[PDB]
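Structure at a glance
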Number of protein chains: 2
Amino acid sequence: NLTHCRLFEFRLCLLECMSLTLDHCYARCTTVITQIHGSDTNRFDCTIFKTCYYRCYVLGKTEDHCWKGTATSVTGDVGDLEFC
Amino acid sequence: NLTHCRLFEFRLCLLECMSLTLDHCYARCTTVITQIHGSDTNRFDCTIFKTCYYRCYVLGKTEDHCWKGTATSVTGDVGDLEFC
């Protein structure tokens, strides 16, 4: 249901951006994904997935544990924010 | 602290998009704002504010009360999702 979000493309960009220790990778990679793949990648359901994923990471856990956990359990529904 | 998010102009776009009864207004206005102001409007703190506001709206609370409530109470910190 989240094919329009290009969530794997965003993840690749974020990992490469962070590996270069750049600033504001979440913001910059959102901009590139928008410019490459268009406005549908900014839907609220895409935003829910990205927020669950990046919150998990920002709060200490590992990027990989956060990605798999979000990808397996989060469909982009607004209620997902209460367990992800 | 959230001046870089251009949240006022985002709401302007969102309200006009809704008055025209268009689809995917969240996506359309996120895209237009970044196409005007660049990657800074896609920072995670902007995303925290917007998610607090739009979740409140998606769950049936009036749009104006969600925006005003979020603007007085949300600074964009990751913990803000726990009460907004």
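Per the deposited record, X-ray crystallography is how this structure was determined, to a resolution of 2.12 Å.

Structural notes on a nonpolar patch on the surface
A grouping of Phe8, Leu12 and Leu15 of chain A is seen on the molecular surface, where their side chains present a nonpolar patch of about 270 Å² in accessible area. Mapping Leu15 of chain A onto the fold places it in helix α1 (residues 7-19).

Observations regarding the nonpolar core
Judged by nonpolar contacts, the single largest core of 46 residues is most densely connected at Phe10 and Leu14 of chain A together with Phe10 of chain B. Broken down by secondary-structure element, the contributors of at least two residues to this core are α1, α2 (25-37), α3 (44-58) and α4 (63-73) of chain A together with α1 (7-19), α2 (25-37), α3 (44-58) and α4 (63-73) of chain B. Beyond its immediate stretch of four places on either side in the chain, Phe10 of chain B contacts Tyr26, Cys29, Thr30, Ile33, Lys50 and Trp67 of chain B.

Examining the packing of α1 of chain B against α2 of chain B
Residue and element names in this part refer to chain B. One can describe the packing of α1 onto α2 by two numbers: an axis separation of 9 Å at closest approach and a directional angle of 140 degrees. Put simply, α1 runs oblique to α2. The hand of the α1/α2 crossing is right-handed. Together, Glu9, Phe10, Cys13, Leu14, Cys17 and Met18 of α1 and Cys25, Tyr26, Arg28, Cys29, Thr30, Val32, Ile33, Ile36 and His37 of α2 make up the contact between the two elements.

Here is what the cut-offs are and how they apply
- Throughout, a per-chain count from 1 in the order the sequence is written supplies the residue numbers; the entry may number residues differently, and those without coordinates are omitted.
- Throughout, the order in which chains and ligands are written sets their labels, letters from A for the former and numbers from 1 for the latter.
- Processing note: side-chain calculations cover all non-hydrogen atoms of the structure and skip hydrogens and water entirely.
- Note that patches include only residues with greater than 30% relative accessible area and no salt bridge, and the join distances are 9 Å for like charges and 5 Å for nonpolar side chains (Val, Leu, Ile, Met, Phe, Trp, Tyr).
- Here the open area of atoms and residues is found with the Shrake-Rupley method and a 1.4 Å probe, where only the protein chains shown may cover a residue.
- Here, a salt bridge means any side-chain nitrogen of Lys or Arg that lies within 4 Å of a carboxyl oxygen of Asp or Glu.
- Strands here mean DSSP runs of E at least two residues long; helices mean DSSP runs of H or I at least four residues long; both are numbered from the N terminus.
- Only buried residues count toward a nonpolar core. Its members are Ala, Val, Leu, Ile, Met, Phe, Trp, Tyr and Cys residues joined through side-chain atoms within 4.5 Å.
- For every residue, the accessible area obtained with a 1.4 Å probe (protein chains only) is divided by the maximum for its type, and the residue is called buried under 20%, exposed over 50%, and partly exposed between those limits.
- Working rule for contacts: check all heavy atoms of both residues, and any pair within 4.5 Å makes them a contact.
- To obtain each axis, a line is fitted to C-alpha atoms, and for helices this fit is confined to the stretch in contact; angles are then taken between N-to-C directions over 0 to 180 degrees.
- Relative orientations are named as follows: roughly parallel for angles under 35 degrees, roughly antiparallel for angles over 145 degrees, roughly perpendicular for angles from 65 to 115 degrees, and oblique for any other angle.
- Should the near helix be turned anticlockwise from the far one by less than a right angle, the crossing is left-handed, and should it be turned clockwise, the crossing is right-handed.

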